[PDB]
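Next comes just one chain, in structure tokens: the form deposited in one PDB entry.
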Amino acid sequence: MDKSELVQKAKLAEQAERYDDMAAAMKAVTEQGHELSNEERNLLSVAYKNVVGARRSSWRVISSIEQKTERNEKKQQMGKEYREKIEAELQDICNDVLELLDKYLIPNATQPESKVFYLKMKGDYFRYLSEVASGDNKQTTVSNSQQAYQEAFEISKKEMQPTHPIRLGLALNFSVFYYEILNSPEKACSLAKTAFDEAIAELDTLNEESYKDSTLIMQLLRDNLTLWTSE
């Protein structure tokens, strides 16, 4: 099967709600090593969001049942083994995505918006590993998660306008990450305020017909600031 055929197969699998097929199709597309179109990039992102989402969902369901269980019914030990089977798949799916990002997507990215998309995706997929990571492996995945967002963060700052909706929103994502996962409320606030203020300073340059493309995300940065400072 060639790229055109795989892409079509991918859209058919989406329609049929067969997301693993959809993901396998777009994995193979990605492996031709060429920069993906917006259509293709969207398809891959969707494909894997859904495949990863289903196991995450299954895992939340099992963890919850495990904790309502009486703690030596040999049933309890099914929920252990089963959760662990889910986890291993979840990690397998994540490793695929990360391999694609390391090997093809990030290195071939020619434009800064694509490079930032893929770096953030890498950040997101490490975050999913961390949700089922063990003790000492859990700090590794969070650092790997931070570093990917940091790298994307730096590129937006350097290649995009303060007012750009991807830069904002990466600012938002990254600030929330410092707050929610790294327990750093002061860095979280510092980050948000800087993003907010920088875009504020260039409100000047926006078109009255589409300023909300920027303004809506800035409102969220601001909302978080007042929320986080109120604590």
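Just so we're on the same page, rigid core means the largest C-alpha set that superposes within 1.5 Å between forms. Numbering starts at 1 and runs along the sequence shown.
The following text describes the form solved in complex with a partner chain, which does not appear among the structures shown.
A.B. asks: Is it true that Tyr104, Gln147 and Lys157, all three, sit within 4.5 Å of the partner chain in the entry with it bound, judged by heavy atoms?
C.D. replies: None of them does, since no heavy atom lies within 4.5 Å of the partner.
A.B. asks: Is there a heavy atom of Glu180 lying 4.5 Å or less from a heavy atom of the partner chain in the entry with it bound?
C.D. replies: Contact with the partner chain, yes.
A.B. asks: For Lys122, is any heavy atom within 4.5 Å of the partner chain in the entry with it bound, or not?
C.D. replies: Contact with the partner chain, no.
A.B. asks: Is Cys189 close to the partner chain in the entry with it bound, meaning a heavy atom pair under 4.5 Å apart or at it?
C.D. replies: Result no; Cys189 lies far from the partner chain in the entry with it bound.
A.B. asks: Is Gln32 close enough to the partner chain in the entry with it bound to count, meaning some heavy atom within 4.5 Å?
C.D. replies: Contact with the partner chain, no.
A.B. asks: After superposing on the rigid core, which residue out of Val176, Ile65, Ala28, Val46 has its C-alpha displaced by 2 Å or more between the shown form and the other one?
C.D. replies: The residue that shifts is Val176.
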